[PDB]
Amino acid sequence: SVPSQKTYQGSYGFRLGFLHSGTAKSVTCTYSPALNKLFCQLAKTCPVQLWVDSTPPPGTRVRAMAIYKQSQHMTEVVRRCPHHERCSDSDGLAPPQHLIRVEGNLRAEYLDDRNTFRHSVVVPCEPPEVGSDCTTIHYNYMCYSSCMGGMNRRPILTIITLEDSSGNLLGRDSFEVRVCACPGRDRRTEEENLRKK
């Protein structure tokens, strides 16, 4: 089956936010609102903001999962390629097969779904630090979009779900991801292609 990607703010007004990092050749992570697409380098920090209009209950969690965007591939599990799953870059918590990691959160849990075999990473939802307006999760993507035997140039989406302590849905948002060597140039190219279209 295919997990839902429907945007759903839910009772708490849940949605994502992204920094404005620009498109310089040196940028390591940059988000395109026009494409709803994050462009990032391999294994580099991707800050994703969480916003709500009202306070959710203790025990609320935030899960991230990748799926293929194209209909002809959506049923295939997104995983790291045959090289990267074996390169011993473990952080001590993430299974080596998982594309998406959370950086710097010892409460992150990694799920291999016993029925769908899909991978996800989930953390407790936390209020913003004192003086901040939102909460940020730092994600890493551990293969290139181009990796042969893995994503193999197929576009993916990341689905972020706000969940209760049982795993029931409270909110959902999503964004496309390209993991690439030059996110700034690729964002500029894809935005210009969109404008020409």
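One-based numbering along the sequence shown.
Participant: Mean C-alpha B-factor higher for 58-66, or for 129-137?
Facilitator: The deposited B-factors put 129-137 ahead on the C-alpha mean.
Participant: Taking only the CA atoms, which stretch has the higher mean B-factor in the record, 8-16 or 21-29?
Facilitator: If you average the C-alpha B-factors of 8-16 and of 21-29, the larger mean comes out for 21-29.
Participant: Highest recorded C-alpha temperature factor, please, choosing from 81, 78, 87, 102.
Facilitator: Most elevated C-alpha B-factor of the set, per the entry: 87.
Participant: Is the Cα B-factor recorded for residue 44 in the lowest, middle or highest third of its chain?
Facilitator: For residue 44, whose C-alpha B-factor we compare with every modelled residue in the chain, the answer is the middle third.
Participant: Within this chain, which third does the Cα B-factor at residue 180 fall in: lowest, middle or highest?
Facilitator: Middle third.
Participant: How does residue 120 rank on Cα B-factor within its chain, lowest, middle or highest third?
Facilitator: For residue 120, whose C-alpha B-factor we compare with every modelled residue in the chain, the answer is the lowest third.
Participant: Ranking every modelled residue in this chain by its Cα temperature factor as given in the entry, which third contains residue 148?
Facilitator: It falls in the top third of the chain.
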